[PDB]
Amino acid sequence: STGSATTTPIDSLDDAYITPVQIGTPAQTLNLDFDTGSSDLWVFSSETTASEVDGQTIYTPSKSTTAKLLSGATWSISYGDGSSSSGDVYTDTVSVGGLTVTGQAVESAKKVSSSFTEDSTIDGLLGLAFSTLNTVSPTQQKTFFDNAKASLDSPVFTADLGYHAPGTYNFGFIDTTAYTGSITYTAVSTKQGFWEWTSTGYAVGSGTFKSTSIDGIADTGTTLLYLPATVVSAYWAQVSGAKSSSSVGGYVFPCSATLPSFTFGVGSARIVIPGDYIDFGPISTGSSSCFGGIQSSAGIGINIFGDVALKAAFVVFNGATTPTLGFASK
């Protein structure tokens with residue numbers, strides 16, 4: 001089997017991407033944030049504290065004839081950005097772009113943090129990291145990909161995120177018309193539960209390539225590109241007026257600037273992030289100070305190849321017995 005779904009930016013800055021997901025019988029369609037950095041499929045629901053729901057579409061398990069309470073199971077997750085959610089668990093039928101899993105754990109939110117409430121466009125998350133990170137207790141549950149894998153034509157999914165435009169998540173096949181040149185594959189460590197890999201270096205604009213190992217995660221659920229302070233300083237040094245602002249919480253730059261591109265290495269291959277992808281606009285409405293899309297990972301504890309990097313590539317998440325990651329230009 002295969003599946004193919006369009007993923008759409010939630011706003012004009014590509015702050016996140018939503019993908020429609022059918023849950024239950026009859027289908028209830030929710031727009032979920034596909035997140036290769038976590039492993040829980042959780043939704044706003046009829047059980048969510050009413051004051052914490054503000055415009056989201058909810059899953060109502062009582063209206064699904066295939067929903068079953070997973071007795072005794074609870075979940076609770078905290079994300080790298082400080083947001084969180086928790087609740088109980090149902091199993092139900094979940095389909096993504098024509099690909100159907102029966103008995104998928106659907107984690108129903110009883111509580112969500114303010115960040116989630118305030119984002120009316122995201123109805124929940126669909127985790128695509130390794131199932132070892134799944135938070136369901138006392139019986140850990142499998143991700144949608146893990147459950148689908150055996151049935152897929154090939155045990156892979158691909159992320160093709162757009163810049164200010166829709167893109168695609170495919171399951172079970174590689175669309176050879178969706179990228180240019182070849183896909184370069186690189187080793188993955190699953191030791192921390194993530195799609196963790198080592199980039200071979202970077203360049204800033206038309207500068208020379210610096211060969212240096214950068215260990216980090218491919219994370220569709222993180223907006224920006226978080227890299228070591230040395231790398232980030234080298235980038236922003238090429239932008240007149242750019243500075244790190246503690247009050248704002250990262251590098252800012254004059255909105256009048258033209259940003260240089262940033263290249264990262266995948267083996268001997270190179271992915272070029274155009275400068276425009278690195279512009280996240282005014283820090284506040286009407287400001288001429290703009291927020292940068294490349295930020296330091298110092299104090300996160302891990303480097304994160306988030307959407308800013310991934311949307312410059314066609315990315316293969318290969319879930320073979322020994323997982324690997326593939327990157328192509330597009």
# chains A, B, ... in the order shown; residues from 1 in each chain; ligands from 1
call {"tool": "residues_around", "arguments": {"residues": "residue 182 of chain A", "least_positions_apart": "5", "cutoff": "9 Å", "atoms": "only C-alpha atoms", "output": "list in words"}}
result
residues 327, 328 and 329 of chain A
call {"tool": "residues_around", "arguments": {"residues": "residue 310 of chain A", "least_positions_apart": "5", "cutoff": "12 Å", "atoms": "only C-alpha atoms", "output": "VMD selection string"}}
result
chain A and resid 14 36 158 to 163 167 217 to 225 263 to 264 271 to 274 277 304 to 305 315 to 317 325 to 330
call {"tool": "write_last_selection", "arguments": {"atoms": "N, CA and C atoms", "output": "compact mmCIF listing (two decimals), in the first residue's frame"}}
result
# COMPACT_ATOMS: atom_id res chain seq x y z
N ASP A 14 5.34 30.10 7.20
CA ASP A 14 5.61 28.66 7.27
C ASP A 14 5.99 28.27 8.71
N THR A 36 8.31 14.71 12.86
CA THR A 36 9.34 13.66 12.88
C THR A 36 10.25 13.73 14.11
N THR A 158 8.27 10.12 2.94
CA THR A 158 9.04 11.24 2.44
C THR A 158 8.35 12.55 2.80
N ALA A 159 9.17 13.55 3.08
CA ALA A 159 8.71 14.89 3.40
C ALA A 159 9.18 15.83 2.31
N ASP A 160 8.24 16.53 1.71
CA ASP A 160 8.53 17.50 0.64
C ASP A 160 7.80 18.77 1.01
N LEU A 161 8.39 19.54 1.92
CA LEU A 161 7.76 20.75 2.43
C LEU A 161 7.99 21.90 1.48
N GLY A 162 6.96 22.72 1.30
CA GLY A 162 7.06 23.87 0.44
C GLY A 162 7.51 25.14 1.14
N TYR A 163 8.10 26.03 0.37
CA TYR A 163 8.39 27.38 0.83
C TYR A 163 7.23 28.26 0.45
N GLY A 167 3.05 21.34 0.09
CA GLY A 167 3.95 20.27 -0.24
C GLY A 167 3.27 18.94 -0.01
N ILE A 217 19.07 16.41 14.38
CA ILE A 217 17.87 15.63 14.06
C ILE A 217 17.09 16.27 12.93
N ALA A 218 16.51 15.42 12.09
CA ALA A 218 15.60 15.87 11.06
C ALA A 218 14.23 15.95 11.68
N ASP A 219 13.73 17.18 11.87
CA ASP A 219 12.54 17.41 12.68
C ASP A 219 11.52 18.32 11.99
N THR A 220 10.52 17.71 11.37
CA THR A 220 9.53 18.48 10.64
C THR A 220 8.65 19.32 11.58
N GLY A 221 8.65 18.99 12.87
CA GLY A 221 7.84 19.71 13.83
C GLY A 221 8.50 20.91 14.47
N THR A 222 9.73 21.21 14.05
CA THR A 222 10.41 22.41 14.51
C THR A 222 10.52 23.37 13.32
N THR A 223 10.18 24.63 13.54
CA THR A 223 10.15 25.63 12.46
C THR A 223 11.54 25.96 11.90
N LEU A 224 12.47 26.23 12.79
CA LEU A 224 13.74 26.83 12.42
C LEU A 224 14.89 25.84 12.39
N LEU A 225 16.04 26.34 11.97
CA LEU A 225 17.28 25.57 11.90
C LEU A 225 18.15 25.97 13.07
N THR A 263 24.27 26.66 3.06
CA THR A 263 24.41 25.32 2.52
C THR A 263 24.78 24.36 3.65
N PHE A 264 24.15 23.19 3.67
CA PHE A 264 24.58 22.12 4.57
C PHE A 264 24.95 20.85 3.79
N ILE A 271 22.98 20.72 0.18
CA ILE A 271 21.64 21.28 0.10
C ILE A 271 21.74 22.77 0.37
N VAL A 272 21.18 23.57 -0.54
CA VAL A 272 21.25 25.03 -0.44
C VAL A 272 19.91 25.58 0.03
N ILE A 273 19.93 26.26 1.17
CA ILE A 273 18.77 26.96 1.71
C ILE A 273 18.85 28.40 1.20
N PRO A 274 17.90 28.82 0.34
CA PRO A 274 17.96 30.21 -0.14
C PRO A 274 17.80 31.21 0.98
N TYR A 277 14.43 31.88 2.71
CA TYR A 277 13.86 30.89 3.61
C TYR A 277 14.20 31.19 5.07
N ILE A 304 19.11 20.94 15.50
CA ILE A 304 17.81 20.58 14.91
C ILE A 304 17.70 21.10 13.50
N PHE A 305 17.67 20.18 12.55
CA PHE A 305 17.36 20.49 11.15
C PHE A 305 15.84 20.54 11.02
N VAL A 315 13.14 14.84 1.30
CA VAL A 315 13.74 14.09 2.39
C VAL A 315 13.08 12.73 2.53
N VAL A 316 13.92 11.70 2.50
CA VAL A 316 13.47 10.32 2.64
C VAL A 316 13.76 9.83 4.05
N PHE A 317 12.71 9.43 4.75
CA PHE A 317 12.83 8.80 6.04
C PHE A 317 12.69 7.29 5.80
N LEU A 325 18.55 8.20 6.34
CA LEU A 325 17.90 9.41 5.83
C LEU A 325 18.46 9.72 4.46
N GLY A 326 17.59 10.17 3.56
CA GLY A 326 18.01 10.58 2.23
C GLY A 326 17.63 12.03 1.97
N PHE A 327 18.51 12.77 1.30
CA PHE A 327 18.27 14.16 0.93
C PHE A 327 18.58 14.34 -0.55
N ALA A 328 17.66 15.01 -1.24
CA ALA A 328 17.88 15.46 -2.61
C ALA A 328 17.51 16.92 -2.72
N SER A 329 18.16 17.62 -3.64
CA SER A 329 17.70 18.94 -4.04
C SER A 329 16.42 18.81 -4.85
N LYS A 330 15.70 19.91 -5.01
CA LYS A 330 14.43 19.87 -5.71
C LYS A 330 14.13 21.20 -6.37
call {"tool": "closest_residue", "arguments": {"among": "A:275, A:3, A:98, A:124", "to": "residue 34 of chain A", "atoms": "only C-alpha atoms"}}
result
A:124
call {"tool": "residues_around", "arguments": {"residues": "residue 20 of chain A", "least_positions_apart": "5", "cutoff": "10 Å", "atoms": "only C-alpha atoms", "output": "VMD selection string"}}
result
chain A and resid 5 to 8 28 to 34 95 to 97 123
call {"tool": "select_by_dssp", "arguments": {"residues": "segment 196-284 of chain A", "states": "strand (DSSP E or B)", "output": "PyMOL selection string"}}
result
chain A and resi 196-204+210-218+225-227+243-245+250-254+262-266+269-273+279-282
call {"tool": "write_last_selection", "arguments": {"atoms": "C-alpha atoms", "output": "PDB file, in the first residue's frame"}}
result
ATOM      1  CA  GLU A 196      19.511  11.668  14.137  1.00  0.00           C
ATOM      2  CA  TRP A 197      22.251  12.076  11.547  1.00  0.00           C
ATOM      3  CA  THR A 198      25.560  13.868  10.964  1.00  0.00           C
ATOM      4  CA  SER A 199      25.890  16.652   8.434  1.00  0.00           C
ATOM      5  CA  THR A 200      29.310  16.972   6.832  1.00  0.00           C
ATOM      6  CA  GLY A 201      29.559  20.753   7.017  1.00  0.00           C
ATOM      7  CA  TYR A 202      28.263  24.100   5.853  1.00  0.00           C
ATOM      8  CA  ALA A 203      28.791  27.182   3.742  1.00  0.00           C
ATOM      9  CA  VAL A 204      27.465  30.748   4.080  1.00  0.00           C
ATOM     10  CA  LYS A 210      33.658  24.157   5.937  1.00  0.00           C
ATOM     11  CA  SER A 211      34.031  20.427   6.509  1.00  0.00           C
ATOM     12  CA  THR A 212      32.874  19.681  10.020  1.00  0.00           C
ATOM     13  CA  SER A 213      30.602  17.071  11.567  1.00  0.00           C
ATOM     14  CA  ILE A 214      27.292  18.426  12.837  1.00  0.00           C
ATOM     15  CA  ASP A 215      25.137  15.865  14.629  1.00  0.00           C
ATOM     16  CA  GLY A 216      21.454  16.751  14.612  1.00  0.00           C
ATOM     17  CA  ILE A 217      17.874  15.632  14.058  1.00  0.00           C
ATOM     18  CA  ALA A 218      15.599  15.868  11.057  1.00  0.00           C
ATOM     19  CA  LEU A 225      17.278  25.571  11.899  1.00  0.00           C
ATOM     20  CA  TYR A 226      19.178  25.280  15.184  1.00  0.00           C
ATOM     21  CA  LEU A 227      22.934  24.843  14.889  1.00  0.00           C
ATOM     22  CA  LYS A 243      22.756  40.740  16.220  1.00  0.00           C
ATOM     23  CA  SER A 244      21.785  38.291  18.904  1.00  0.00           C
ATOM     24  CA  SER A 245      19.085  39.786  21.105  1.00  0.00           C
ATOM     25  CA  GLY A 250      17.709  35.009  19.217  1.00  0.00           C
ATOM     26  CA  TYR A 251      19.318  36.568  16.189  1.00  0.00           C
ATOM     27  CA  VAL A 252      17.474  39.463  14.617  1.00  0.00           C
ATOM     28  CA  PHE A 253      18.386  41.430  11.500  1.00  0.00           C
ATOM     29  CA  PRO A 254      17.285  44.583   9.691  1.00  0.00           C
ATOM     30  CA  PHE A 262      23.099  28.644   3.795  1.00  0.00           C
ATOM     31  CA  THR A 263      24.413  25.317   2.525  1.00  0.00           C
ATOM     32  CA  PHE A 264      24.578  22.115   4.568  1.00  0.00           C
ATOM     33  CA  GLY A 265      26.392  18.913   3.674  1.00  0.00           C
ATOM     34  CA  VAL A 266      24.863  15.469   3.297  1.00  0.00           C
ATOM     35  CA  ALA A 269      26.242  16.319  -1.498  1.00  0.00           C
ATOM     36  CA  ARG A 270      25.066  19.832  -0.675  1.00  0.00           C
ATOM     37  CA  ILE A 271      21.638  21.282   0.098  1.00  0.00           C
ATOM     38  CA  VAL A 272      21.247  25.027  -0.437  1.00  0.00           C
ATOM     39  CA  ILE A 273      18.766  26.965   1.707  1.00  0.00           C
ATOM     40  CA  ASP A 279      13.488  35.423   6.926  1.00  0.00           C
ATOM     41  CA  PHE A 280      10.788  35.031   9.600  1.00  0.00           C
ATOM     42  CA  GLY A 281       9.607  38.627   9.406  1.00  0.00           C
ATOM     43  CA  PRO A 282       9.089  41.454  11.872  1.00  0.00           C
TER      44      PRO A 282
END
call {"tool": "residues_around", "arguments": {"residues": "segment 69-83 of chain A", "least_positions_apart": "5", "cutoff": "7 Å", "atoms": "only C-alpha atoms", "output": "ChimeraX atom specification"}}
result
/A:88-91,113,115,135-138
call {"tool": "closest_atom_pairs", "arguments": {"of": "segment 92-111 of chain A", "to": "segment 49-56 of chain A", "cutoff": "10 Å", "atoms": "only C-alpha atoms", "output": "JSON lines"}}
result
{"residue": "A:109", "atom": "CA", "partner": "A:49", "partner_atom": "CA", "distance": 8.4}
{"residue": "A:110", "atom": "CA", "partner": "A:49", "partner_atom": "CA", "distance": 5.9}
{"residue": "A:111", "atom": "CA", "partner": "A:49", "partner_atom": "CA", "distance": 6.0}
call {"tool": "write_last_selection", "arguments": {"atoms": "N, CA, C and O atoms", "output": "tab-separated table (two decimals), in the first residue's frame"}}
result
chain	number	residue	atom	x	y	z
A	109	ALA	N	-6.70	14.51	23.97
A	109	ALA	CA	-6.24	15.51	24.93
A	109	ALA	C	-7.33	15.89	25.91
A	109	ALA	O	-8.44	16.25	25.53
A	110	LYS	N	-7.00	15.78	27.19
A	110	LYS	CA	-7.83	16.34	28.24
A	110	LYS	C	-7.35	17.75	28.56
A	110	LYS	O	-8.14	18.62	28.93
A	111	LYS	N	-6.04	17.97	28.43
A	111	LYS	CA	-5.42	19.27	28.71
A	111	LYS	C	-4.41	19.58	27.63
A	111	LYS	O	-3.70	18.68	27.16
call {"tool": "closest_residue", "arguments": {"among": "A:155, A:207, A:228, A:24", "to": "residue 171 of chain A", "atoms": "only C-alpha atoms"}}
result
A:155
call {"tool": "atom_distance", "arguments": {"atom1": "atom CA of residue 257 of chain A", "atom2": "atom CA of residue 297 of chain A"}}
result
23.5 Å
call {"tool": "atom_distance", "arguments": {"atom1": "atom CA of residue 132 of chain A", "atom2": "atom CA of residue 92 of chain A"}}
result
20.7 Å
call {"tool": "select_by_dssp", "arguments": {"residues": "segment 76-175 of chain A", "states": "alpha helix (DSSP H)", "output": "tab-separated table (two decimals) with N, CA and C atoms, in the first residue's frame"}}
result
chain	number	residue	atom	x	y	z
A	114	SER	N	-1.20	26.61	26.63
A	114	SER	CA	-1.72	27.81	25.97
A	114	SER	C	-1.29	27.92	24.51
A	115	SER	N	-0.06	27.51	24.21
A	115	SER	CA	0.47	27.59	22.85
A	115	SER	C	-0.42	26.84	21.88
A	116	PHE	N	-0.95	25.70	22.31
A	116	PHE	CA	-1.81	24.89	21.46
A	116	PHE	C	-3.19	25.53	21.32
A	117	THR	N	-3.76	25.96	22.43
A	117	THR	CA	-5.05	26.62	22.42
A	117	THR	C	-5.06	27.82	21.47
A	144	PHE	N	1.92	5.86	13.78
A	144	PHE	CA	1.22	5.56	12.54
A	144	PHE	C	2.14	4.89	11.52
A	145	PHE	N	3.35	5.43	11.32
A	145	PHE	CA	4.30	4.83	10.38
A	145	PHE	C	4.68	3.42	10.81
A	146	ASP	N	4.97	3.24	12.10
A	146	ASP	CA	5.35	1.93	12.60
A	146	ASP	C	4.23	0.92	12.32
A	147	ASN	N	2.98	1.31	12.57
A	147	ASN	CA	1.85	0.40	12.34
A	147	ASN	C	1.65	0.11	10.85
A	148	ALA	N	1.91	1.10	10.00
A	148	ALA	CA	1.67	0.95	8.57
A	148	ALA	C	2.78	0.20	7.85
call {"tool": "atom_distance", "arguments": {"atom1": "atom CA of residue 118 of chain A", "atom2": "atom CA of residue 13 of chain A"}}
result
16.6 Å
call {"tool": "closest_residue", "arguments": {"among": "A:229, A:284, A:176, A:319", "to": "residue 300 of chain A", "atoms": "only C-alpha atoms"}}
result
A:229
call {"tool": "decode", "arguments": {"residues": "segment 169-190 of chain A", "atoms": "N, CA, C and O atoms", "output": "PDB file, in the first residue's frame"}}
result
ATOM      1  N   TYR A 169       3.479  14.820   1.911  1.00  0.00           N
ATOM      2  CA  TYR A 169       3.983  13.654   2.644  1.00  0.00           C
ATOM      3  C   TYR A 169       3.539  12.407   1.910  1.00  0.00           C
ATOM      4  O   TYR A 169       2.343  12.206   1.721  1.00  0.00           O
ATOM      5  N   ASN A 170       4.498  11.578   1.500  1.00  0.00           N
ATOM      6  CA  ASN A 170       4.188  10.280   0.902  1.00  0.00           C
ATOM      7  C   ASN A 170       4.610   9.154   1.826  1.00  0.00           C
ATOM      8  O   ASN A 170       5.613   9.250   2.533  1.00  0.00           O
ATOM      9  N   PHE A 171       3.835   8.077   1.796  1.00  0.00           N
ATOM     10  CA  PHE A 171       4.107   6.879   2.574  1.00  0.00           C
ATOM     11  C   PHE A 171       4.210   5.693   1.647  1.00  0.00           C
ATOM     12  O   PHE A 171       3.312   5.447   0.858  1.00  0.00           O
ATOM     13  N   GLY A 172       5.330   4.988   1.717  1.00  0.00           N
ATOM     14  CA  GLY A 172       5.458   3.726   1.035  1.00  0.00           C
ATOM     15  C   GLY A 172       6.084   3.762  -0.336  1.00  0.00           C
ATOM     16  O   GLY A 172       6.235   2.711  -0.943  1.00  0.00           O
ATOM     17  N   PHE A 173       6.441   4.945  -0.829  1.00  0.00           N
ATOM     18  CA  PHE A 173       7.083   5.066  -2.132  1.00  0.00           C
ATOM     19  C   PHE A 173       7.847   6.371  -2.238  1.00  0.00           C
ATOM     20  O   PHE A 173       7.567   7.332  -1.527  1.00  0.00           O
ATOM     21  N   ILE A 174       8.811   6.377  -3.147  1.00  0.00           N
ATOM     22  CA  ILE A 174       9.615   7.546  -3.451  1.00  0.00           C
ATOM     23  C   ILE A 174       9.171   8.062  -4.820  1.00  0.00           C
ATOM     24  O   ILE A 174       9.253   7.343  -5.822  1.00  0.00           O
ATOM     25  N   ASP A 175       8.650   9.290  -4.840  1.00  0.00           N
ATOM     26  CA  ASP A 175       8.229   9.946  -6.084  1.00  0.00           C
ATOM     27  C   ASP A 175       9.457  10.510  -6.797  1.00  0.00           C
ATOM     28  O   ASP A 175       9.981  11.563  -6.428  1.00  0.00           O
ATOM     29  N   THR A 176       9.904   9.806  -7.833  1.00  0.00           N
ATOM     30  CA  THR A 176      11.134  10.188  -8.507  1.00  0.00           C
ATOM     31  C   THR A 176      10.983  11.440  -9.361  1.00  0.00           C
ATOM     32  O   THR A 176      11.972  11.932  -9.889  1.00  0.00           O
ATOM     33  N   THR A 177       9.759  11.952  -9.508  1.00  0.00           N
ATOM     34  CA  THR A 177       9.546  13.228 -10.197  1.00  0.00           C
ATOM     35  C   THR A 177       9.600  14.432  -9.262  1.00  0.00           C
ATOM     36  O   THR A 177       9.521  15.573  -9.714  1.00  0.00           O
ATOM     37  N   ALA A 178       9.762  14.190  -7.965  1.00  0.00           N
ATOM     38  CA  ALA A 178       9.653  15.263  -6.989  1.00  0.00           C
ATOM     39  C   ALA A 178      10.976  15.915  -6.597  1.00  0.00           C
ATOM     40  O   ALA A 178      10.983  16.806  -5.763  1.00  0.00           O
ATOM     41  N   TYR A 179      12.083  15.456  -7.168  1.00  0.00           N
ATOM     42  CA  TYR A 179      13.389  15.990  -6.828  1.00  0.00           C
ATOM     43  C   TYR A 179      14.273  16.005  -8.057  1.00  0.00           C
ATOM     44  O   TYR A 179      13.964  15.360  -9.067  1.00  0.00           O
ATOM     45  N   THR A 180      15.380  16.737  -7.956  1.00  0.00           N
ATOM     46  CA  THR A 180      16.356  16.794  -9.030  1.00  0.00           C
ATOM     47  C   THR A 180      17.588  16.016  -8.606  1.00  0.00           C
ATOM     48  O   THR A 180      17.822  15.808  -7.411  1.00  0.00           O
ATOM     49  N   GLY A 181      18.368  15.578  -9.587  1.00  0.00           N
ATOM     50  CA  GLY A 181      19.588  14.852  -9.298  1.00  0.00           C
ATOM     51  C   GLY A 181      19.311  13.565  -8.554  1.00  0.00           C
ATOM     52  O   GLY A 181      18.298  12.896  -8.798  1.00  0.00           O
ATOM     53  N   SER A 182      20.231  13.203  -7.663  1.00  0.00           N
ATOM     54  CA  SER A 182      20.127  11.959  -6.906  1.00  0.00           C
ATOM     55  C   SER A 182      19.818  12.216  -5.446  1.00  0.00           C
ATOM     56  O   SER A 182      20.028  13.326  -4.928  1.00  0.00           O
ATOM     57  N   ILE A 183      19.326  11.174  -4.788  1.00  0.00           N
ATOM     58  CA  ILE A 183      19.115  11.207  -3.349  1.00  0.00           C
ATOM     59  C   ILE A 183      20.397  10.692  -2.711  1.00  0.00           C
ATOM     60  O   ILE A 183      20.877   9.620  -3.077  1.00  0.00           O
ATOM     61  N   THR A 184      20.953  11.462  -1.780  1.00  0.00           N
ATOM     62  CA  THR A 184      22.112  11.018  -1.017  1.00  0.00           C
ATOM     63  C   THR A 184      21.660  10.520   0.332  1.00  0.00           C
ATOM     64  O   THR A 184      21.054  11.267   1.107  1.00  0.00           O
ATOM     65  N   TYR A 185      22.000   9.272   0.628  1.00  0.00           N
ATOM     66  CA  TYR A 185      21.616   8.670   1.892  1.00  0.00           C
ATOM     67  C   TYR A 185      22.733   8.747   2.917  1.00  0.00           C
ATOM     68  O   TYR A 185      23.923   8.696   2.585  1.00  0.00           O
ATOM     69  N   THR A 186      22.328   8.858   4.173  1.00  0.00           N
ATOM     70  CA  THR A 186      23.258   9.091   5.263  1.00  0.00           C
ATOM     71  C   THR A 186      22.785   8.303   6.492  1.00  0.00           C
ATOM     72  O   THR A 186      21.587   8.062   6.666  1.00  0.00           O
ATOM     73  N   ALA A 187      23.727   7.885   7.332  1.00  0.00           N
ATOM     74  CA  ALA A 187      23.410   7.030   8.468  1.00  0.00           C
ATOM     75  C   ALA A 187      22.577   7.728   9.542  1.00  0.00           C
ATOM     76  O   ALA A 187      22.670   8.943   9.744  1.00  0.00           O
ATOM     77  N   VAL A 188      21.767   6.932  10.228  1.00  0.00           N
ATOM     78  CA  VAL A 188      20.888   7.408  11.290  1.00  0.00           C
ATOM     79  C   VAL A 188      21.230   6.673  12.570  1.00  0.00           C
ATOM     80  O   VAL A 188      21.449   5.469  12.555  1.00  0.00           O
ATOM     81  N   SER A 189      21.269   7.405  13.677  1.00  0.00           N
ATOM     82  CA  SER A 189      21.269   6.795  14.992  1.00  0.00           C
ATOM     83  C   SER A 189      19.892   6.923  15.584  1.00  0.00           C
ATOM     84  O   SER A 189      19.338   8.012  15.626  1.00  0.00           O
ATOM     85  N   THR A 190      19.349   5.811  16.060  1.00  0.00           N
ATOM     86  CA  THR A 190      18.049   5.824  16.719  1.00  0.00           C
ATOM     87  C   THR A 190      18.192   5.822  18.245  1.00  0.00           C
ATOM     88  O   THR A 190      17.210   5.683  18.951  1.00  0.00           O
TER      89      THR A 190
END
